[PDB]
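Worksheet: the structure to be examined is printed underneath.
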Amino acid sequence: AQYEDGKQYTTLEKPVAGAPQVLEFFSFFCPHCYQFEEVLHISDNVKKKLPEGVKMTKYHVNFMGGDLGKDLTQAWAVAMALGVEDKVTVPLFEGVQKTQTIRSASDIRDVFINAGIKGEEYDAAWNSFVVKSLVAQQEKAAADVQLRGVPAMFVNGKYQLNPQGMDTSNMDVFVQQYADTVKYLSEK
């Protein structure tokens, strides 16, 4: 076929019931994730090709960057609760990987403050039980699906994007192939 199991995607031996339709995992410490976000705009190009009625979910993971890694998962939970993903994603990536000015929870907080979220609003979110369960959701989703690497994308709890098998001579062509694959899997 043109799309084949084991080439543009892999199938999960152990499917996950009730998962979000399009589930993406990343880490602010993950260099390909940085590419995916700021150079390729993968999430965005996928959305643009998804049928609609389809929800996109993106979660942070713990297994990179130790203590800071966890702080970042809680901060992403804050970002999701407040709906400010689109204001902190870029400064968090660049603060971790470009300028290396993020070294403690306090520095993570500075990024939110600078993006215009109020201190009181951030600290209350940070400490809320709603953020606790949002942290729990992120961990459970990674747990359900075998996750030992990022960037990762899962479709309908059954298929896993396999980017190793798409030509990388041209970045634009890679993204489109990637996005078209998600759509195919979406319609499967």
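We place every Cβ from the backbone using ideal geometry, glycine too, and count neighbours over all the protein chains shown. Every number in this text was worked out from the coordinates using simple rules, so none of it is lab data.
In segment 40-55, the qualifying residues are those that are surrounded by 19 or more Cβ atoms within 10 Å (Cβ to Cβ) and β-branched (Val, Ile, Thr), and the one that is nearest to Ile113 (Cα to Cα) is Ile42.
Output the residue which, of all residues in segment 135-160 that are part of a loop (DSSP other than H, G, I, E, B) and among the β-branched types (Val, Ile, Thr), is farthest from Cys33 (Cα to Cα).
Checking each candidate, the answer is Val145.
Can we say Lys7 is free of Cβ contacts under 8 Å to residues at least 40 places away in the same chain and either part of a strand (DSSP E or B) or surrounded by 14 or more Cβ atoms within 10 Å (Cβ to Cβ) (or both)? Spelling it out, it is not the case that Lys7 is free of Cβ contacts under 8 Å to residues at least 40 places away in the same chain and either part of a strand (DSSP E or B) or surrounded by 14 or more Cβ atoms within 10 Å (Cβ to Cβ) (or both). Filtered by the rule that a residue be within 27 Å of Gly6 (Cβ to Cβ), among the hydrophobic types (A, V, I, L, M, F, W, C) and loosely packed, with under 15 Cβ neighbours inside 10 Å, segment 123-167 gives a lone residue, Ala143. Check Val90 against each of (1) out of contact with any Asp or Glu (no Cβ under 9 Å at 6 or more places or on another chain); (2) within 16 Å of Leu72 (Cα to Cα); (3) of a type outside the set (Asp, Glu) and name the one condition it does not meet. Every listed condition holds for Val90 apart from (1).
Residue count for segment 5-51 satisfying the condition of being within 12 Å of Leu185 (Cβ to Cβ) and either charged (D, E, K, R) or under 14 Å from the mean Cα position of the chain (by Cα) (or both): 6. In this entry, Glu120 is excluded by the filter for residues that are surrounded by 13 or more Cβ atoms within 10 Å (Cβ to Cβ), acidic (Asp, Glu) and farther than 20 Å from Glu37 by Cβ.
Considering segment 38-58, the residues that are of a type in the set (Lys, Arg) and touching a residue at least 12 places away in the same chain (Cβ under 8 Å) include one that is nearest to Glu85 (Cα to Cα), namely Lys58.
Go over the candidates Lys70, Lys87, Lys14, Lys58 one by one and state the one that is surrounded by fewer than 21 Cβ atoms within 10 Å (Cβ to Cβ) and over 25 Å from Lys98 (Cβ atoms). It is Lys14.
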